[PDB]
Amino acid sequence: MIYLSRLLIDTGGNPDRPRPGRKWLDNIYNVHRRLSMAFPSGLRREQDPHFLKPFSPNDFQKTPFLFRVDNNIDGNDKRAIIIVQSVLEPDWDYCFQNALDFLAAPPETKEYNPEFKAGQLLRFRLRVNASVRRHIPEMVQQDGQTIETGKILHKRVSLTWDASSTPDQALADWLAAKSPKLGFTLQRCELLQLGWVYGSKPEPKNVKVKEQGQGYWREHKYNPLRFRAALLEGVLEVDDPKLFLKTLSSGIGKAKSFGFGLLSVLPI
Amino acid sequence: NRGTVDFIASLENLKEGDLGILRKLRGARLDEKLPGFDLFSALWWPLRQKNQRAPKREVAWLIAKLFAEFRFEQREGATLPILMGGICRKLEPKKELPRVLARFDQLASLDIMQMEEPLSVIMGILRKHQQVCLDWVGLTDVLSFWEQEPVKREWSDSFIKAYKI
Amino acid sequence: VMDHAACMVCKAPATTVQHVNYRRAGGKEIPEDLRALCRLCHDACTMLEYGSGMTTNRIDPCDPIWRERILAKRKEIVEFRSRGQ
Amino acid sequence: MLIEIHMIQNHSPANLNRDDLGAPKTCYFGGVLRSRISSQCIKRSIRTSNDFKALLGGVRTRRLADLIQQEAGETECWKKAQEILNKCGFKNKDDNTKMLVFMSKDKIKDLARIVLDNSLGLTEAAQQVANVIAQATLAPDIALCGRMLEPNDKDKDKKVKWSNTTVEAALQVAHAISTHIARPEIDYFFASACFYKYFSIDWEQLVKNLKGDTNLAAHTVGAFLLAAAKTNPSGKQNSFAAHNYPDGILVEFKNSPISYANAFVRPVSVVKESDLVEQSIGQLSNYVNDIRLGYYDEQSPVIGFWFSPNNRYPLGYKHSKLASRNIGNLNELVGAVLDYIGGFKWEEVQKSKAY
Amino acid sequence: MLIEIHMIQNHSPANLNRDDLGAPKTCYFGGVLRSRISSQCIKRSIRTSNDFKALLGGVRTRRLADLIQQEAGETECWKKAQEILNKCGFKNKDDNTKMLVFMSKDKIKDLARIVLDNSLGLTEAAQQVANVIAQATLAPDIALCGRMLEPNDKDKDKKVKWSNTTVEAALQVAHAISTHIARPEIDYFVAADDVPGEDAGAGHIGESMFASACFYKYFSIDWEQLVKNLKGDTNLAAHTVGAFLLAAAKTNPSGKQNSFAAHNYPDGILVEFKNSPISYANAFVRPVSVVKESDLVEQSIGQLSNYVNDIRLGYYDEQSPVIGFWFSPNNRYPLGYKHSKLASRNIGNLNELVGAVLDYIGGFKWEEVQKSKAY
Amino acid sequence: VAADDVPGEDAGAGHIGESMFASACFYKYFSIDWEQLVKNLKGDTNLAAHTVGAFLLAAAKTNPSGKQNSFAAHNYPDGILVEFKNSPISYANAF
Amino acid sequence: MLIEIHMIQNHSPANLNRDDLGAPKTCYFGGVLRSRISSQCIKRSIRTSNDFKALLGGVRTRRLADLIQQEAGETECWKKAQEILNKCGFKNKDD
Ligand SMILES: [Zn+2]
């Protein structure tokens, strides 16, 4: 019981007119917020029928979901798609009823109920996060001297593959290291895109307190976010089919709310 | 009144494409035909930022549309009542003069929002006699304070002074 | 902060704030009648206010009325505004 | 007069050239969607190659003051040097100079000589660096691509009057397009693609830009042809092995430049997906024949050379000849091009190098 | 009698004509967007072409004093030349004329002679300059493009009369519009940095534009007006007609050809000799939509053949017949498969088409008229 | 723009400006009174018939001569309705 | 008996009729903007056409003295002619 939805984002076509779709896709945090906005529980749907209200994050269901933004070529054109997998029914009607300029085509919701056993060859294509935690973290490197401010800063930083090692093989063995826990096997994994994605979160702070109440003289700070990204496809061999359903319903990665994690599997 | 001078000078600096854009919008609102809204916003907004004073939005819009339709060289000392009196003096004193004077005196009864056509007939009579100048700055300044009684008093008095000589 | 840095109409990230209920401006500013907006929705609302009438009151988002005209202005802004200005 | 190269060759898309969203570059031709390799990607992949490193003279830098750090006496090649250019025409904006300067690598030292001293004061050293920046034209790839450089005169303190700092391009590169429809990859609810590349080089303009250096021009033409033949057009900075040689190469000596992209307006559709390039060859062949019987001129005949590996694919009308040769080697093809151009040979022109 | 040229062309992805912002020029025809190449661009491409080099006898310039000084050797006369061009009613603005002047090159030396004589007063010299400028119009350049010169009145000295300056045009180039719905495309580009830095990428970031289309072109040459404009010369008129046909058949606009190189050739040409000028652009009111069997070019050729046959059978006249030549490269695309041969001759090579054009115009031989030239 | 034919130090243009244009499908309407034309032509009928025929042929095959040296829109009409009736009617209310 | 012509004609991008500024002539019909060719322009295009060459008899001119002298062929009548034109009710102004 997995809803495999699909979006057809309306990008630009003239870099002299406003193109809100590309600007929206430029920031991953706004993409995540807009995708999460499609889940009104019982209050935002019935009280306001036109989404003309101030935004309240507590008014939306905290339903876990995965999404990957990518591109495809069907028969005569190139389309930017956002494949979204979720366990609750997505309310795309409530999401773009005011911002229909964002979307080029009406969305789709097709049920995905796979009954997959082991030992059958299947093909896949997923985008994954490529961060590791260094048990020996390098110091702060204060740029005036580039030695140290503190000593230890345990940080998710980057997956580094030696000096002359190939990146695709390194990513393949890194995935195959955790593959027995998940329950598949790789033979011809390949790397297509390897880069970074960027975002910015508000994360409000406080500066001054009111003359008669709480610290409502507060303003908005801004915390940037960076993510190392890999996109990889190939074929996987199914083992222990109980676990593969959990991996399909959960996703492989550490940034499942920022694109990485969704795995799309097709039969041979 | 330097803001009005800058507004009129920017109006004279306009090319022919946006002049045609404004010409096509005669008698219209400001909420349709987006190029007109963008051009008017580009014309009027920098005045408020630097200069503390600025002409009213309705007055500026009316002046821009009238300038687009009735392009006249801005010249100091060519106020509308004086030219109207000079035209009225060289008229038949029995039939044409009461009609044209009634069309002129209709103007000092309405608000800014309804002066377009009663001003356009006046500019048409001016263009009929081949005028080449009009004081847009003085007309804008008078139209700004159109609710003050001495303003209308001086308007009528200037017309009568130009008519009599 | 209070509208969570989002537009009221198109729910895009906010850019500025529209000053509805222009009464008590400058010295008695209460951060309640103000409403956060993006650049396109604010430009559309200013287009609607410049046209028609204009008094001390303004055009307030979250109203079920004026939504269709705001969306039409959004369409016109998207398909007609030239950045070369 | 002009040397034009029409080649077809199969590549592996989705890892060659992308846009800001990561999508592979595609275009519309003949009403149908085709894969596209951009021209500037090609014009750089020749430059940063193992066959163009023999000359590779010229840097399109942005941090020119930092380039004087790597050739500096003790420390004088800093802010004093930076504000010499900053006052001249290039606002630094945190030592970035806010502009791209295309200028030859083997001219920094004299530039350092301009700034290492202290005899000159304000704006005279600026004129001294400006004239030597304008003069720095001798470069085998600057002459190929050309340069436009307009300094900002808002911050210029006058008396820095320039010469004509503009180089005409001697090379014209089209956009590579696929001879068939774009490959539809698997869509949820390892296929190569042929490509037609077209290049044109003006011999007279190339000679004039290098101020009568036909030996260096011939070396540039040969190195350019080799680099275009056996390099991967990308920016991935990896996988340098020439795993896919150019299957078809036709070189033509013409006065009026022509593009044979109209041979593939109708897509070369085959369900076999194996002999596709061969069929593509036939299509191109037919169009060339039509051209030589459509726009035939007697006072200006054309002469060409054809190459396929091991002479596997003929070019002409099955048996009737179209190109004067059936060369089955890259080096022999470059030798024929060289001796038809100027009676030269690859051994003679290899000794003249920029670097 | 007229000479009418209708062309079908196909273009590889390029940007041959841009506006003040960079986007390719477009238009609307039948309610759908179409890519457009302006008529002035096509006329400049023909006039500044290699095949039209032998007849480039006119110059449209603002820097007339530079040419006057180049004609002579003495420097100081240039100064006086500007003053001679000032009382003539032309004005100055940072050491050039305020308005462009179009004139034949071959007479410019006579202009210099007017400045070379120090015995002539300024008013009389200005009047002589006005006379030689107004009369110097015999060149194939202006012949087809015409001229319209308006001397300044607020600056001109008195007693400087002006003769007739307007030249009636003999060319009626239409705008070039595609035969289908246009598909403009963006192109993201960066500028890489050759020296490593602390950060990544650097350089410049931009988004250019390009489009590909199949176009329809129109040219119309009034034979009598061209002959009258050239003061009765027929050999020069035939040479101009042949050079124009060869240039417009084999030239492209030079817009962004260093990065797109769309040097394609036309693949269908219709040359007609009628008494009233007609346009077959109404064939493409319905846009050409490609299908799986045919391609884009042959579909446009079929629609053009349909419209041409319908027009010929509809607006037929008995006292005035038409004679048409149809050219395709080696008969790659015949003028329609269904209808009759709508051409007195079907030609597979361009040189025979030009020869037959000269034959029908006046029976002129090719090499006979190549001796007649202006520059 | 108006390119300058002479090279210089700045590579500028002689002139910069704009023009406007539009393509369109037009409806045109002519009406002729036969009796009034015959009365105006002093009882002549052959000249009146010549006038009607030449008017039809000219209005079906002639275009305005405004900016045709740059646009050249010599398009023939793709439909003509010729009516004979006792009162003048115009079908411009269709569109 | 009235004879009427109704024509539908397509037109590729052009500027057939202009105004003071240079914009193509427009008009409002049915609440929307249209493209307009003035009836005076159509009448003039019909009148001075090739199919109406054999019928162009009249002339509308302010230079009747020049036509009178051209039909006469002698000089000194011309000035006298304008004096005659000053007595019939045609006051001359600048030749
Ligand atoms: Zn908004």
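Given 5 Å bins starting at zero, what is the percent of C-alpha pairs of the range D:46-103 in each, up to the one with the largest pair distance?
Final binned percentages: 4, 19, 23, 19, 15, 9, 9, 2.
Positive end of the charge dipole of the protein assembly as shown (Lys, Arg +1 and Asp, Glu -1 on Cβ, about the Cα centre): tell me which of B:155, D:192, D:67 has its Cα farthest that way.
The one lying farthest along the dipole's positive direction is B:155.
For chain E, max minus min Cα coordinate along each principal axis, in Å, sorted largest first?
80, 78, 38
Say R0 is 51 Å: what FRET efficiency, to the nearest 0.05, do residue B:96 and residue E:20 get from their beta-carbon distance? Provide the component values of the computation, followed by the final result.
Details: r = 50 Å, r/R0 = 0.98.
With a Förster radius of 51 Å, E is 0.55.
For the protein assembly as shown, what is one quarter of the convex hull surface built on the Cα atoms, given in nm²?
Numbers: hull surface 286.2 nm².
Result: a mean projected hull area of 71.6 nm².
So what are the three principal axis dimensions of chain A from its Cα atoms, in whole Å, longest to shortest?
Per principal axis, max minus min of the Cα coordinates gives 65, 56, 43 Å.
Residues of E:192-199, mean number of Cβ from any other protein chain within 10 Å of their own Cβ, rounded to a whole number? Each step should come with its number before you reach the end.
Numbers: counts 8, 6, 12, 9, 2, 5, 3, 1.
Mean partner-chain Cβ count within 10 Å for E:192-199: 6.
Modelled label-to-label distance, residue D:278 and residue C:29, 7 Å Cα→beta-carbon offset: nm?
7.8 nm
Most mobile of F:70, F:19, F:31 per a Gaussian network model of chain F (Cα springs, under 10 Å)?
F:19
Please work out the Cα center distance from the range A:133-207 to the range A:1-18, rounded to the nearest Å.
Here the answer is 30 Å between Cα centres.
Can you tell which of C:35, C:24, C:74 shows the greatest fluctuation in a Gaussian network model of chain C with Cα springs below 10 Å?
C:24
For the range B:83-151, give the magnitude of the charge dipole about the Cα centre (Cβ charges: +1 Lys/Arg, -1 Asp/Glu; no others), in debye to the nearest 20. Each step should come with its number before you reach the end.
Details: 8 positive and 10 negative charges, 129 e Å.
Taking the Cα centre of the range B:83-151 as origin, the dipole is about 620 debye.
Round to the nearest 0.05 the FRET efficiency obtained for residue E:235 and residue D:348 when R0 = 45 Å and r is the Cβ-Cβ distance. Please list the in-between numbers first.
Details: r = 51 Å, r/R0 = 1.13.
About 0.35, to the nearest 0.05.
Can you tell me the dipole magnitude for the protein assembly as shown around its Cα centre, using point charges on the Cβ only (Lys, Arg +1; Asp, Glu -1), in Debye to the nearest 20? Could the numbers behind the result be given before it?
Details: 190 positive and 166 negative charges, 458 e Å.
Using Cβ point charges on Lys, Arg, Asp and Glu, the protein assembly as shown gives about 2200 debye.
Specify which residue in the list B:27, B:47, B:14 is farthest towards the positive end of the charge dipole of the range B:1-71, using unit charges on the beta carbon of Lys, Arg (+1) and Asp, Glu (-1), about the Cα centre.
Checked the options; the winner is B:47.
Calculate the radius of gyration of the Cα atoms of the range A:54-205 to one decimal place, then report Dmax, the largest Cα-Cα distance, as a whole number, both in Å.
Answer for the range A:54-205, Rg first and Dmax second: 21.2, 59 Å.
Where the Cα atoms of the range E:75-229 are projected onto their three principal axes, how long is each span, largest first, in whole Å?
Over the range E:75-229, Cα extents along the principal axes are 71, 52, 29 Å.
Dividing the convex hull volume of the Cα atoms of the range A:195-268 by its residue count, what figure in Å³ per residue is obtained? Let's see the in-between values first.
On the way: hull volume 9.1 nm³, N = 74.
Cα-based convex hull of the range A:195-268, divided per residue, equals 123 Å³.
Taking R0 as 51 Å, what's the FRET efficiency between residue G:86 and residue F:9 from their Cβ-Cβ distance, rounded to 0.05? Display every interim value, and only then the final one.
Details: r = 60 Å, r/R0 = 1.17.
That pair, residue G:86 with residue F:9, gives E of 0.30.
Between 0 and 90 degrees, rounded to the nearest ten: what's the tilt of helix E:235-249 against the longest Cα principal axis of chain E?
Between the helix axis and the principal axis of chain E, the angle is about 50 degrees.
To the nearest 20 debye, what is the magnitude of the charge dipole of chain A about its Cα centre, counting +1 on the Cβ of each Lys and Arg and -1 on the Cβ of each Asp and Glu? If you can, show how the numbers build up before the last one.
On the way: 39 positive and 30 negative charges, 162 e Å.
Using only the charged Cβ atoms, the result is roughly 780 debye.
Sort E:345, E:332 so that the residue with the fewest other Cβ atoms within 10 Å of its own Cβ comes first and the one with the most comes last. Provide the component values of the computation, followed by the final result.
Working: E:345 15, E:332 20.
Starting with the residue having the fewest Cβ neighbours, the order is E:345, E:332.
Give me the one-decimal nm value for the distance between modelled label points at residue E:161 and residue D:325, 7 Å along each residue's Cα-to-Cβ direction.
7.2 nm
Taking neighbour counts of Cβ atoms within 10 Å as a proxy for exposure, in what order, fewest first, do A:109, D:231 appear?
Details: A:109 14, D:231 19.
So the ranking, lowest neighbour count to highest, is A:109, D:231.
Between residue E:122 and residue E:106, how many nm apart are label points set 7 Å from Cα along the C-beta direction?
Label-label distance for residue E:122 and residue E:106, simple model: 3.4 nm.
Can you find, among D:90, D:214, D:132, the residue farthest towards the positive end of the dipole of chain D? Put +1 on the C-beta of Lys and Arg, -1 on that of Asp and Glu.
D:90
Among E:105, E:80, E:43, which one shows the highest mean-square fluctuation when chain E is modelled as a Gaussian network with alpha-carbon springs under 10 Å?
Result for chain E, Cα springs under 10 Å: E:80 fluctuates most.
May I ask for the distance between the Cα centers of the range D:49-104 and the range E:308-375, given as a whole number of Å?
Between the Cα centres of the range D:49-104 and the range E:308-375 lies a distance of 61 Å.
Based solely on C-alpha atoms, express the radius of gyration and the Dmax of the range C:15-85 in angstrom.
Cα radius of gyration and Dmax of the range C:15-85 are 13.2, 40 Å respectively.
Taking the range E:289-375 on its own, what percent of its Cα-Cα pair distances exceed 23 Å? Walk me through the numbers before you get to the answer.
Numbers: 1530 of 3741 pairs.
Above the 23 Å cut-off, the range E:289-375 has 41 percent of its Cα pairs.
Could you put C:54, B:113, G:7 in order, starting from the residue whose Cβ has the fewest other Cβ atoms within 10 Å? Present the calculation step by step, with values, prior to reporting the outcome.
Values: C:54 14, B:113 9, G:7 17.
Neighbour counts put them in this order, fewest first: B:113, C:54, G:7.
Report the relative contact order of chain A, percent, no decimals, based on alpha-carbon pairs under 8 angstrom and at least 6 residues apart.
Values: 483 pairs, mean separation 65.0, N = 268.
Here the relative contact order equals 24 percent.
Report, in whole Å, the centroid distance computed from the Cα atoms of the range B:90-165 and the range E:218-251.
Using only Cα atoms, the two centres lie 59 Å from each other.
Rg/Rh for chain G to two decimals, with Rh computed the Kirkwood way over all alpha-carbon pairs.
Working: Rg = 20.6 Å, Rh = 18.0 Å.
Value, to two decimals: 1.14.
When the Kirkwood radius is taken over all Cα pairs of the range A:132-268, what Stokes-Einstein diffusion coefficient follows at 37 °C and 0.692 mPa s, in µm²/s?
174 µm²/s
Could you list, bin by bin from short to long, the percent of Cα-Cα pairs of the range D:105-188 in 5 Å steps?
Binned Cα distances yield the sequence 3, 10, 16, 15, 14, 10, 7, 5, 5, 5, 5, 4, 2, 1, 0.
P(r) tail for the range D:205-275, what percent of Cα pairs lie past 21 Å? Present the calculation step by step, with values, prior to reporting the outcome.
Values: 1367 of 2485 pairs.
Within the range D:205-275, distances greater than 21 Å cover 55 percent of Cα pairs.
What share of Cα pairs, in percent, lie more than 17 angstrom apart in the range B:28-132?
Beyond 17 Å sits 62 percent of the P(r) for the range B:28-132.
Hey, what number do you get for the protein assembly as shown at 222 nm if only DSSP H runs of n ≥ 4 count, each worth -39500 (n - 2.57), divided across all residues, to the nearest 500?
-9500 deg cm²/dmol
Sketch the reach of a paramagnetic label on residue A:164 as a point 7 Å from Cα along Cα-to-Cβ, and name the residues of the range D:224-240 whose backbone nitrogen lies under 20 Å away.
D:237-240
Determine the shielding of peptide D:52-63 by partner chains: average, over its residues, the number of Cβ atoms on other chains within 10 angstrom of each Cβ. Can you show the working numbers first?
Numbers: counts 0, 0, 0, 0, 1, 0, 1, 3, 6, 6, 9, 6.
Across D:52-63, the average partner-chain Cβ count within 10 Å equals 3.
Of the DSSP beta bridges with both residues in the protein assembly as shown, give the percent that are antiparallel, rounding to the nearest 5.
Values: 159 of 165 bridges.
Roughly 95 percent of the beta bridges in the protein assembly as shown run antiparallel, per DSSP.
Counting neighbours? That spans all protein chains shown, and the Cβs are built from the backbone with ideal geometry, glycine included. Rule-based calculations on the coordinates, nothing more; no lab input.
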